[PDB]
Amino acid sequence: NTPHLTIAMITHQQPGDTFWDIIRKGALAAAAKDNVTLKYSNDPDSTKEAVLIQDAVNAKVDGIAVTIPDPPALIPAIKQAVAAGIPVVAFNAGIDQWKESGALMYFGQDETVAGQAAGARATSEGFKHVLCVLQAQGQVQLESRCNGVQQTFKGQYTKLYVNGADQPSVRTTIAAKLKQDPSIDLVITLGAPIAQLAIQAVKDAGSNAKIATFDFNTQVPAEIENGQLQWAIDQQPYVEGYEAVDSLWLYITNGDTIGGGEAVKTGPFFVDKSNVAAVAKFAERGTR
C-alpha cells in the first residue's frame, strides 16, 4: 500500500529522564500513521551520541532525527550523515546550530527567548533573587535558558549545577543552597523531575522561596493548582517528537519542508492557574 520507512531518532536522554517518554509518544504516534519503523537510541555522552549517528548512517536509514546539545561534538557526524544522502531533521536542542550542519529543519522552542521571557515574568511577579538549577553541564539548550533569564531578570541571579542522574543529591544540594542564602526567593528548574525535587528541597530547607519550571510531568498540573509551582513553560515534547518523524515523511514522500530555513516553534507557552485545566488531563496521562 504505502512505502515503508526506517527512521533513527537519536537523542542525549539521560537514562531515567522521563521527559523523553513524552518525546517518544509523539514520535511513535507519527510513526504509526506514516508506516515508519522508529529506531530510538540515546546517550548523554555526546561522543557516544556522535557514534549513534554514524551507526544509523552505516545502517542506511531513510532519515535521521537528532538532538544537538553539544554542537562541537555532534556537527561533524551530522555533516557526514548529510553527505551520505540521508535527510536529517534536528529537534529539542541546537536551535542556533542545526542549519550549518545541513539538517533540513528544526523543531523546538527558542530557549534564549524562553529564558528572557521567564526573567521578565519573574521580575513582574516581584522576585528579587533567582536560582536557576541546571541538571547537566555543557548543554546548549540548558545554558541558553539560564543566559536568557540573566539578561532580563532585574534582580540577583545565581546558577546551580546538580547531577540530574542522582536525584537524592539534587534534593540535598538545592536545600543546602537555599539554607545558605535565604535571599533566594525563586528557584527555576529546567525540567519537571527537578521541579519535584526543588519543591521538596524548599520544605527541607525551611525556605520561603517559590518554584517555577520548564516542562510538565504527571505531577505538575496539581502543583500549579495548589500553588507549589508558580508556572511551567511548555515546549510540547509530543509535538517535537511527532514532527521530527512526520516532517521526514513529508520530505521523503513529497520533497516538502516546514519552516522555510528557520526553526518551527513548539513553545514557549506559560501555563499557570488561569490555563492549566486545559492541559492537566493530558499531562497526567504522560502525553504533554
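Residue numbers here begin at 1 and follow the sequence given.
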Higher-scoring stretch by recorded Cα B factor average, 31-39 or 62-70: 31-39
Mean C-alpha B-factor comparison - 217-225 and 234-242, higher one: 217-225
Residue with maximal Cα B-factor (values as given in the PDB entry) among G85, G148, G191, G108: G85
Third assignment of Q13 from its chain's C-alpha B-factors: middle
Ranked against its chain, the third holding the CA B-factor of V264: lowest
Assigned third (lowest, middle, highest) for the C-alpha B factor of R171: lowest
Record-listed C-alpha B factor of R24: chain third: middle
Modelled-residue ranking by C-alpha temperature factor, third containing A136: middle
